[PDB]
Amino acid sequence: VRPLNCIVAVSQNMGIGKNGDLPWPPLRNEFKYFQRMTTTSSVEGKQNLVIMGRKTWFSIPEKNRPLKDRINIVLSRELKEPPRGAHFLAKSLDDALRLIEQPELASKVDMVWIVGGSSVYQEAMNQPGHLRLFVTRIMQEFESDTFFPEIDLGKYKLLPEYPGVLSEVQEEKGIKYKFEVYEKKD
């Protein structure tokens, strides 16, 4: 509940999102991994929590909203009420982070996942604490309108291995990709 786990999928050119959706065609096997990692809590009775920007939320198909079996928090400085389906609405990441650490929530929340928005990824990476970056390396370039922040190898260490994560290269619809995990302890 204290460590922040960012999860993303980026192309070679750090591509992320395009015109409101993903820059590449639907990679259903990649969604499976995103789903398993953000959804699997390490304790029964507790649900993992996902935090995302207002655009990421509405970019997700309505039929897949909210992200089931996960507590959904949306960040927005303009909405006044949580969008239909969302569990909580926060006006800043700080407010979200403080909320999650409340006793009333620490009882039913396990892992915390950051799943959407370039700015959200940025601010999450720009703060003290224990940080982990779960990055899916899409080994191919795609025209993008949004990107992922650079990863400082002097600050983040590439973990040689992580429990539950396979390191072999994968492929779907002719597109190869692999899962990586970086860590910043502070």
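Sequential numbering from 1, following the sequence displayed.
Would 23 to 31 or 127 to 135 have the larger average of its C-alpha temperature factors, as given in the entry?
The entry gives the higher C-alpha B-factor average to 127 to 135.
Report task. Name the higher of the two by mean Cα B-factor in the PDB entry, 51 to 59 versus 149 to 157. Result -> 149 to 157 has the higher mean C-alpha B-factor.
Exercise. Between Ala106, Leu99, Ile71, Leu79, where does the Cα B-factor run highest in the record?
Worked result: The C-alpha B-factor peaks, among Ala106, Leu99, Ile71, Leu79, at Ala106.
Which third of the chain does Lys18 land in by C-alpha B-factor: lowest, middle or highest?
Answer is highest: the recorded C-alpha B-factor places it there.
### Position of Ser119 among the chain's modelled residues by C-alpha B-factor, lowest, middle or highest third
Middle third, going by the recorded CA B-factors of the chain.
Quiz item: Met37: which third of its chain by C-alpha temperature factor?
Solution: For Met37, the deposited C-alpha B-factor lands in the lowest third.
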